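Report on one structure; see the data block that follows.
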Amino acid sequence: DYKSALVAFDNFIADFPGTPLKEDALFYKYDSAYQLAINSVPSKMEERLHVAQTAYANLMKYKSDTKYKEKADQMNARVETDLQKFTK
Amino acid sequence: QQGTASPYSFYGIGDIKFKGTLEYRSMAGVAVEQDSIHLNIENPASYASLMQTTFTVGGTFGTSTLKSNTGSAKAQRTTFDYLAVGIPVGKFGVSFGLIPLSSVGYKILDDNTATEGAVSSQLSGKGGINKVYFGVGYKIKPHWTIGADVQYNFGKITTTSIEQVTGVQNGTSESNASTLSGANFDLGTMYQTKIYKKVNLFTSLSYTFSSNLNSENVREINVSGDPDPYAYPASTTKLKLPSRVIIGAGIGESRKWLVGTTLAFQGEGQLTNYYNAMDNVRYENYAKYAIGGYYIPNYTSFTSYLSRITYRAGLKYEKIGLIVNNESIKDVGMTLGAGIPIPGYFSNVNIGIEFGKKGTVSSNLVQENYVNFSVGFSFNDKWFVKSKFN
Amino acid sequence: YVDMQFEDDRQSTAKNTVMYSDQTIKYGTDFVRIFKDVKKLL
Amino acid sequence: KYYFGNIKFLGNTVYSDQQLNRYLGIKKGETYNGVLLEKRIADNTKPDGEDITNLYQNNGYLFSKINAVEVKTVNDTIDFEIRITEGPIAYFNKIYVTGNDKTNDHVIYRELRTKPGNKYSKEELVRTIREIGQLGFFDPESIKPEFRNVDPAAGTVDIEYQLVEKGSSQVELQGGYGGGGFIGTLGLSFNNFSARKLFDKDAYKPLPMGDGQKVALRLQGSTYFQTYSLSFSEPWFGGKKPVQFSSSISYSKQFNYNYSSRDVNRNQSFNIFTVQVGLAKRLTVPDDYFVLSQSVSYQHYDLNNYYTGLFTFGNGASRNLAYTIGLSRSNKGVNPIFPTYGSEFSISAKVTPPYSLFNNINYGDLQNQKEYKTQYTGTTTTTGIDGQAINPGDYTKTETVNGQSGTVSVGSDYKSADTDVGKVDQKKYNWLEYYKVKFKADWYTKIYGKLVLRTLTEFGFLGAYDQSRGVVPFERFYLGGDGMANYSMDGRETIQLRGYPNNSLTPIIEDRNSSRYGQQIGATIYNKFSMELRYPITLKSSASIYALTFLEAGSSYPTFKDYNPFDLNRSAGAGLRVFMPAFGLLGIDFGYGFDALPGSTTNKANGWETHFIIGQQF
Ligand SMILES: CCCCCCCCCCCCCC(=O)O[C@H](CCCCCCCCCCC)CC(=O)O[C@@H]1[C@@H](NC(=O)C[C@@H](CCCCCCCCCCC)OC(=O)CCCCCCCCCCC)[C@H](OC[C@H]2O[C@H](OP(=O)(O)O)[C@H](NC(=O)C[C@H](O)CCCCCCCCCCC)[C@@H](OC(=O)C[C@H](O)CCCCCCCCCCC)[C@@H]2O)O[C@H](CO[C@]2(C(=O)O)C[C@@H](O[C@]3(C(=O)O)C[C@@H](O)[C@@H](O)[C@@H]([C@H](O)CO)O3)[C@@H](O[C@H]3O[C@H]([C@@H](O)CO)[C@@H](OP(=O)(O)O)[C@H](O[C@H]4O[C@H]([C@@H](O)CO[C@H]5O[C@H]([C@@H](O)CO)[C@@H](O)[C@H](O)[C@@H]5O)[C@@H](OP(=O)(O)O)[C@H](O)[C@@H]4O)[C@@H]3O)[C@@H]([C@H](O)CO)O2)[C@H]1OP(=O)(O)O
Ligand SMILES: CCCCCCCCCCCCCCCCCCCC(=O)O[C@H](COC(=O)CCCCCCCCCCCCCC)COP(=O)(O)OCCN
Ligand SMILES: CCCCCCCCCCCCCCCCCCCC(=O)O[C@H](COC(=O)CCCCCCCCCCCCCC)COP(=O)(O)OCCN
Ligand SMILES: *[C@@H](O)[C@@H](COC(=O)CCCCCCCCCCCCCCCCC)OC(=O)CCCCCCCCCCCCCCCCC
């Protein structure tokens, strides 16, 4: 239910500002968008790919030395690679 | 519970029951077009043309009047005709089902009562051969399909003859039971072109290989009152199912009209068992000539619903292949039908009426006039649809 | 709304159809429910 | 008198006037009926009515309001101007539940159909209430979804589920009528068990709570059988997908029952101890309508003077170890009681290990061995029926001297002794070896209006890997009558074929002089084809009543060599079915048999028959 996870996480990172769990929420928000984009209707695959990039940037901007950097970097590789198919 | 009442079912392996689904049976077996919602069980290549999963079931109510040089009699039979399932798998097509190859059935009574010392016979027969099939079709081209199938034949034919003299009260009842089992293979191809504007040329070729049938016979004689029956030693006979070549060709516009002809020929076979061996009955090659087609006034019509019904018709001339009393037994008949599509779905209800004459009254033979009413259900649904938006 | 009957969906647990009986009657008379209804009718 | 006329719609931007006119279904010249108009606009009696209001509210229009206004009234003709207030589309923003004091949130949030970020839909809210009530941990009358922070401008609505906990423990008191006899089940169930804290004795109030696991101790009984079982079920195995994991340990005592005369001989019975484990999960490929079921079971049969039919080892025991896998695809809807569309295809296969291949035992030559010949195990010289000595350890034979019959000593010539059928059958059936395949196809379609056509085709095959060993005497098929569910633990299946008595079509022993002639041994093959036309007279939640007409044909066979799939017993008739949540499913049917029962001398139709059942006896 990745579509509902994005909305739920967006509200959490807003209703509870300055929390120690923000780093985890940022990563899971990226994962939710990543899984939603890699497996989605080809009509709106570009829209979800862009959201994945935005979530990745927010995670890195928060804490550059995030614990999930290894996995996050791997996930961004797929998004960038798949984005080349829509480079009109 | 028998499927036929014709005395001719005694010879060979019985009367050929399956002759195609109601959609095709109403067109005299002409299945040249590559349909997308109907199953053409007689041609394995048609399985590739299916666009949605198909589930078919059919039944018929037959009415026949046996006529001879002595008198006439009326008989009626009700049976289940078929059960087939079609599944589209990419460019391939898979179909599996159960169909009746032949049926044996007759209830003849020779009443010789009212006279002391006269033997009365009560001849009866039941059973038949059934077939299980599994076929796969492939689209070598968008309008060219080829396919193959494997069919397993199995069934039991039992013949009973009870004789009782007028005086004595204890009669005898001889019964013969034969269990047949074998397998055969079928190959087919269907090609469709466009000769003129909106007019297409449909072609279909199918070939069935010869098969060997193993029959295990058991003959026992029982007498009323005696608790010990007289049983003959078990025997095993081999039968040979002849090969079939079906050629079809027709012209017409898809969803508008279609006119076609089909030619079916059978090779050499051995359908004579131990119980049906006679000297006045011989065998020849089966040959069928049929002409049929359909007409749809306006499939995409919103004003009248009668224009969306597929109207089918056909004519048929068949040479059964058996020569009784030096007279070739032939069957001639006409078929009419209509396919009503359920609104909102591709599924439809088929209705058909077939009438004809089989055999002749000459040479002391029996002529059969039949009027069969059949109903078929074709259900279509699209499966294997993946759901995106993970 | 609770009494409405619905078919299983993607969010409902899968039913095992290749197991023996669970000692339960499907769509059978529920005496506990009848008892609760009688109490409400008093 | 007043007649309707000039019905127009205003404010219908989403739906055209043509589409709405069809939904309303009111033509000019009809008699003025105020109730009919309101019923078609907004049917408040039921939440699933086919009204214009439900059309808007089920597609995100939360603020939709439809009100009829009488414009003109001239010449006894009234004119209406249906006004529709569509409003902006709304989406679910925040979904939270309150009132769960003993149930974890993950258990409740995973059963909510109102996912955040989706357009508002009344069907999802109603479905969510039904699912929350199915858990049983809350009050069925207090599942109130309250709308919060409604923002018409932003188009977002927050739903708060207020639940009232009422205890996870429950008592089961159910009853049913099938197979011509009543059946009742009694049991206690704890629907909120947690196996994680099993070893933790700190939290042991009425068994550890938490996860939505279910543990039940139920007792089911009938006239011929009684079963006690302990079952554990995990609705969400793994925590990621709704995978069901269930286990069960049961002990049943099945008496010998004659379905023909409804008489039970309490002196003959057998005990069955079964342990089963199963895993069922919905497949994502080929589609989301496929469900895979797997199961492993071990059973121990203990016969106690069970000398009936094909059971010659009435004092022995049998062990069964089988694996069952089943693929099913169901897309029926929407009401399980009265489906209007969809189909259900199921294929199952239960297989046992092929012991005959590895163990080097000849099951055909068992009757020609010393160990399987009748012998005198006593140690005192006796006299046989022939009046001769029977020394200890000598082989015996059965001889009929004068009227009475008895055993006669044959000496050491075991070749001339009588074969011990009990020992041969015991060795043949010490470990059940068989394979069972079941195929079922059900299709539902609407023919005209509310009338729907149902086509059902079922197949069943039971066989053995080695023909010399023979087909097992258990897991057989019984056809004819009202039918009964698979309540027995021995694999016996009762198939329903209206128009004929119960178990009237099962093959019988035809040996005549076998001392057991006429007994129903059971069928190994069965195939039933049915067609029905059903019309619903009431489909409300309180009571769902529908009428039906059927055309059935089915038959059972003893072996594959006698299988004639097109030689069936036909029947026809009509029936009525009523379903009430408290009283369950009630059905009355009247069928006519067009064929004679097996073993009948005269080939005459069976005739009319009456069938009454309570519950799903399939
Ligand atoms: C694919 C999907 C999955 C399915 C898988 C299945 C497919 C795999 C293959 C399976 C086949 C395996 C068979 C096998 O092998 O394993 C069998 C076990 C198989 C396990 C399978 C497990 C499956 C797992 C499934 C898991 C599922 C998850 C057992 C067996 O084996 O049983 C055999 C039995 N078959 C069955 O039971 C299968 C059953 C079927 C069961 C399975 C059903 C499964 C269906 C369920 C699926 C449904 C799914 C939905 O069928 C039936 O139920 C009916 C049909 C079924 C209908 C189905 C309908 C479907 C409906 C669906 C609707 C939706 C068989 O019948 C024959 C047929 O068998 C199968 O078909 P059928 O049965 O016909 O149907 C074949 N093949 C098949 O594929 C058919 C299949 O069904 C097809 C499957 C269909 C599937 C459908 C799928 C549907 C779903 C798909 C949907 C799309 C057929 O091929 C064919 O044509 C057919 C065809 O082409 C083949 C290919 C077809 C393939 C199909 C392709 C697929 C297509 C599908 C789609 C189209 C073939 O015709 O009889 C044999 C008896 O033979 C013996 C014996 O037992 O040893 C030896 C004999 O000798 C021979 C010989 O040696 O050659 C035999 C012949 O050759 C012949 O020439 C003969 C001469 O005539 C002789 O004159 O000689 C003879 O004895 C003689 O032999 C010696 C020799 O020397 C000769 O001289 C002598 O010795 P000596 O003198 O010393 O020299 C002896 O004498 C001495 O001994 C005597 C005594 O002293 C001794 O005492 C006692 O002991 C003796 C011992 O022998 C005993 O042990 C006894 O026998 C004595 O009688 C006596 O009582 C004295 O005698 P007396 O003088 O006093 O009298 C004498 O004095 C002296 O001492 C004696 O004389 C005889 C005796 O007479 C009997 O009494 O006995 C049995 O043993 P066998 O030998 O091993 O074969
Ligand atoms: C009878 C018991 C044995 C059953 C065995 C089950 C086999 C499992 C098959 C797993 C699915 C295949 C793996 C790949 C899935 C991805 C989709 C691509 C496969 C494919 O080309 O077929 C798609 C649909 O068929 C498919 O995905 C394959 C269809 C699989 C067979 C369907 C029938 C199963 C048995 C149930 C029938 C009996 C009723 C009992 C339930 C159509 O893909 P496309 O539309 O893109 O076309 C393709 C052209 N590019
Ligand atoms: C023949 C009976 C006697 C011998 C016993 C046979 C035993 C069969 C093998 C055991 C069954 C377990 C293995 C198959 C299920 C695993 C699939 C995982 C779940 C899943 O998501 O399914 C996807 C495909 O499913 C599939 O695998 C689709 C096909 C599943 C059905 C095929 C099994 C036979 C069905 C017919 C039974 C009746 C037989 C009648 C004669 C795989 O996805 P993923 O996990 O990679 O994730 C990627 C997306 N989620
Ligand atoms: C001769 O005595 C007479 C029998 O006399 C009786 O005792 C009367 C029998 C009872 C009559 C029926 C009582 C119940 C009323 C409802 C009937 C069912 C209608 C169902 C329609 C919708 C389907 C659910 O003999 C007769 O009456 C002869 C009967 C012959 C019937 C022939 C027509 C049957 C249809 C032929 C096709 C086979 C059916 C399957 C169709 C789908 C294919 C799979």
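By order in the structure tokens, chains are A, B, ...; within a chain, residues start at 1; ligands start at 1, following the order shown.
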Throw together the list of residues within 6 Å of ligand 2, counting only C-alpha atoms and all ligand atoms, and drop it here as a ChimeraX atom specification.
/B:89-90,384 /D:285-286,327-329,345-347
Apply DSSP to the structure's backbone, then extract all residues of stretch 58-87 of chain A labelled helix (DSSP H, G or I) and return them as a list in words.
residues 58, 59, 60, 61, 62, 69, 70, 71, 72, 73, 74, 75, 76, 77, 78, 79, 80, 81, 82, 83, 84, 85 and 86 of chain A
List all protein, DNA and RNA residues that have at least one atom no more than 6 Å from any atom of ligand 4, counting only C-alpha atoms and all ligand atoms, and write them as a VMD selection string.
(chain B and resid 57 to 61 375 to 376) or (chain D and resid 531 to 533 549 to 551 572 to 574 592)
Write out the residues from the selection above, keeping N, CA and C atoms, as a PDB file, in the first residue's frame.
```pdb
ATOM      1  N   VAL B  57     -20.698 -25.598 -22.552  1.00  0.00           N
ATOM      2  CA  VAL B  57     -21.493 -26.744 -22.122  1.00  0.00           C
ATOM      3  C   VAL B  57     -22.689 -26.827 -23.057  1.00  0.00           C
ATOM      4  N   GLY B  58     -23.054 -28.035 -23.457  1.00  0.00           N
ATOM      5  CA  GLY B  58     -24.171 -28.202 -24.372  1.00  0.00           C
ATOM      6  C   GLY B  58     -24.978 -29.448 -24.096  1.00  0.00           C
ATOM      7  N   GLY B  59     -26.257 -29.385 -24.458  1.00  0.00           N
ATOM      8  CA  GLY B  59     -27.173 -30.495 -24.276  1.00  0.00           C
ATOM      9  C   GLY B  59     -28.182 -30.482 -25.402  1.00  0.00           C
ATOM     10  N   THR B  60     -28.775 -31.647 -25.658  1.00  0.00           N
ATOM     11  CA  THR B  60     -29.746 -31.768 -26.734  1.00  0.00           C
ATOM     12  C   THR B  60     -30.900 -32.674 -26.335  1.00  0.00           C
ATOM     13  N   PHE B  61     -32.030 -32.473 -27.008  1.00  0.00           N
ATOM     14  CA  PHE B  61     -33.252 -33.250 -26.816  1.00  0.00           C
ATOM     15  C   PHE B  61     -33.627 -33.769 -28.199  1.00  0.00           C
ATOM     16  N   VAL B 375     -29.295 -26.779 -27.117  1.00  0.00           N
ATOM     17  CA  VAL B 375     -29.019 -25.528 -26.425  1.00  0.00           C
ATOM     18  C   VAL B 375     -27.566 -25.559 -25.978  1.00  0.00           C
ATOM     19  N   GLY B 376     -26.863 -24.455 -26.179  1.00  0.00           N
ATOM     20  CA  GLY B 376     -25.468 -24.370 -25.796  1.00  0.00           C
ATOM     21  C   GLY B 376     -25.182 -23.062 -25.096  1.00  0.00           C
TER      22      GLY B 376
ATOM     23  N   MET D 531     -27.414 -26.845 -13.794  1.00  0.00           N
ATOM     24  CA  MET D 531     -27.785 -25.558 -14.362  1.00  0.00           C
ATOM     25  C   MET D 531     -28.950 -25.026 -13.547  1.00  0.00           C
ATOM     26  N   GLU D 532     -28.902 -23.747 -13.183  1.00  0.00           N
ATOM     27  CA  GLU D 532     -29.969 -23.172 -12.380  1.00  0.00           C
ATOM     28  C   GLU D 532     -30.305 -21.756 -12.815  1.00  0.00           C
ATOM     29  N   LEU D 533     -31.576 -21.403 -12.636  1.00  0.00           N
ATOM     30  CA  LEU D 533     -32.113 -20.081 -12.927  1.00  0.00           C
ATOM     31  C   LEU D 533     -32.659 -19.550 -11.613  1.00  0.00           C
ATOM     32  N   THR D 549     -34.668 -22.680 -10.035  1.00  0.00           N
ATOM     33  CA  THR D 549     -35.117 -23.784 -10.865  1.00  0.00           C
ATOM     34  C   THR D 549     -33.846 -24.492 -11.302  1.00  0.00           C
ATOM     35  N   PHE D 550     -33.856 -25.821 -11.349  1.00  0.00           N
ATOM     36  CA  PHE D 550     -32.629 -26.517 -11.704  1.00  0.00           C
ATOM     37  C   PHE D 550     -32.856 -27.658 -12.683  1.00  0.00           C
ATOM     38  N   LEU D 551     -31.747 -28.062 -13.300  1.00  0.00           N
ATOM     39  CA  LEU D 551     -31.666 -29.153 -14.270  1.00  0.00           C
ATOM     40  C   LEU D 551     -30.324 -29.816 -13.977  1.00  0.00           C
ATOM     41  N   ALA D 572     -34.879 -32.737 -12.321  1.00  0.00           N
ATOM     42  CA  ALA D 572     -35.313 -31.362 -12.505  1.00  0.00           C
ATOM     43  C   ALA D 572     -36.258 -30.987 -11.376  1.00  0.00           C
ATOM     44  N   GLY D 573     -36.405 -29.686 -11.152  1.00  0.00           N
ATOM     45  CA  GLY D 573     -37.289 -29.227 -10.098  1.00  0.00           C
ATOM     46  C   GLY D 573     -37.084 -27.756  -9.802  1.00  0.00           C
ATOM     47  N   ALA D 574     -37.593 -27.342  -8.644  1.00  0.00           N
ATOM     48  CA  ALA D 574     -37.494 -25.962  -8.197  1.00  0.00           C
ATOM     49  C   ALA D 574     -37.321 -25.948  -6.688  1.00  0.00           C
ATOM     50  N   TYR D 592     -37.458 -33.939  -9.242  1.00  0.00           N
ATOM     51  CA  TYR D 592     -38.056 -35.109  -9.867  1.00  0.00           C
ATOM     52  C   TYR D 592     -36.965 -35.930 -10.533  1.00  0.00           C
TER      53      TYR D 592
END
```
Within 7 Å of ligand 1 (only C-alpha atoms and all ligand atoms), residues as a ChimeraX atom specification:
/B:96-98,132-134,150-152,154,180-183,213-214,236 /D:349,351,364,435,437,461,464-468,559-561,563
What are the closest atom pairs, with distances in Å to one decimal, for all residues of chain B lying within 12 Å of ligand 3? Consider only C-alpha atoms and all ligand atoms, order rows by chain and residue number, and present the result as JSON lines.
```
{"residue": "B:384", "atom": "CA", "partner": "ligand 3", "partner_atom_place_in_ligand_line": "28 (C)", "distance": 11.3}
{"residue": "B:386", "atom": "CA", "partner": "ligand 3", "partner_atom_place_in_ligand_line": "49 (C)", "distance": 11.0}
{"residue": "B:387", "atom": "CA", "partner": "ligand 3", "partner_atom_place_in_ligand_line": "49 (C)", "distance": 11.6}
{"residue": "B:388", "atom": "CA", "partner": "ligand 3", "partner_atom_place_in_ligand_line": "49 (C)", "distance": 11.9}
{"residue": "B:390", "atom": "CA", "partner": "ligand 3", "partner_atom_place_in_ligand_line": "50 (N)", "distance": 10.7}
```
Kindly save the residues from that selection, with N, CA, C and O atoms included, as a compact mmCIF listing (two decimals), in the first residue's frame.
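Result saved to again.txt:
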```txt
# COMPACT_ATOMS: atom_id res chain seq x y z
N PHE B 384 -5.95 -13.27 -16.36
CA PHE B 384 -4.52 -12.98 -16.36
C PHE B 384 -4.20 -11.50 -16.51
O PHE B 384 -3.11 -11.14 -16.95
N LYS B 386 -2.92 -8.18 -15.26
CA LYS B 386 -2.07 -7.72 -14.18
C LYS B 386 -2.56 -6.37 -13.67
O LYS B 386 -3.04 -5.53 -14.43
N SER B 387 -2.44 -6.17 -12.36
CA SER B 387 -2.87 -4.94 -11.71
C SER B 387 -1.64 -4.11 -11.36
O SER B 387 -0.86 -4.48 -10.47
N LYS B 388 -1.47 -2.98 -12.05
CA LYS B 388 -0.35 -2.09 -11.82
C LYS B 388 -0.66 -1.21 -10.60
O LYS B 388 -1.57 -1.50 -9.83
N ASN B 390 1.42 -0.57 -7.94
CA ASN B 390 1.87 -1.30 -6.76
C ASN B 390 1.85 -0.46 -5.50
O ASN B 390 2.33 0.67 -5.48
```
Using only C-alpha atoms, determine which residues lie at most 10 Å from residue C:31, disregarding the query and same-chain residues fewer than 5 positions distant; provide the list as an MDAnalysis selection string.
(chainID C and resid 36:37) or (chainID D and resid 171:175 582:584)
Between atom CA of residue B:43 and atom CA of residue B:205, what is the distance, to one decimal in Å?
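Going from atom CA of residue B:43 over to atom CA of residue B:205, I get 7.9 Å.
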At a cut-off of 9 Å, which residues of chain A touch chain D? Count only C-alpha atoms and give the answer as a PyMOL selection string.
chain A and resi 1+3-8+11
Could you please take those selected residues and save N, CA and C atoms as a PDB file, in the first residue's frame?
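Contents of out10.pdb, as written:
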```pdb
ATOM      1  N   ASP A   1       0.834  -1.207   0.000  1.00  0.00           N
ATOM      2  CA  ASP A   1       0.000   0.000   0.000  1.00  0.00           C
ATOM      3  C   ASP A   1       0.868   1.256   0.000  1.00  0.00           C
ATOM      4  N   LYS A   3       0.962   3.716  -1.916  1.00  0.00           N
ATOM      5  CA  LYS A   3       0.289   4.983  -2.168  1.00  0.00           C
ATOM      6  C   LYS A   3      -0.161   5.629  -0.864  1.00  0.00           C
ATOM      7  N   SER A   4      -0.671   4.826   0.072  1.00  0.00           N
ATOM      8  CA  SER A   4      -1.116   5.372   1.351  1.00  0.00           C
ATOM      9  C   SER A   4       0.057   5.691   2.266  1.00  0.00           C
ATOM     10  N   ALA A   5       1.180   4.990   2.103  1.00  0.00           N
ATOM     11  CA  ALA A   5       2.339   5.253   2.949  1.00  0.00           C
ATOM     12  C   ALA A   5       2.916   6.635   2.689  1.00  0.00           C
ATOM     13  N   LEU A   6       2.905   7.085   1.434  1.00  0.00           N
ATOM     14  CA  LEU A   6       3.432   8.408   1.118  1.00  0.00           C
ATOM     15  C   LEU A   6       2.623   9.492   1.815  1.00  0.00           C
ATOM     16  N   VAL A   7       1.294   9.385   1.760  1.00  0.00           N
ATOM     17  CA  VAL A   7       0.437  10.376   2.402  1.00  0.00           C
ATOM     18  C   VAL A   7       0.613  10.334   3.913  1.00  0.00           C
ATOM     19  N   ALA A   8       0.640   9.129   4.485  1.00  0.00           N
ATOM     20  CA  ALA A   8       0.795   8.995   5.930  1.00  0.00           C
ATOM     21  C   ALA A   8       2.130   9.558   6.396  1.00  0.00           C
ATOM     22  N   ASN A  11       2.318  13.481   6.325  1.00  0.00           N
ATOM     23  CA  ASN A  11       1.677  14.123   7.465  1.00  0.00           C
ATOM     24  C   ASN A  11       2.504  13.960   8.734  1.00  0.00           C
TER      25      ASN A  11
END
```
Residues near residue D:614, anyone? I mean within 12 Å using only C-alpha atoms, not counting same-chain ones fewer than 3 positions away, as a PyMOL selection string.
(chain C and resi 25-30) or (chain D and resi 174-184+482-485+577-580+583-589+611+617-618)
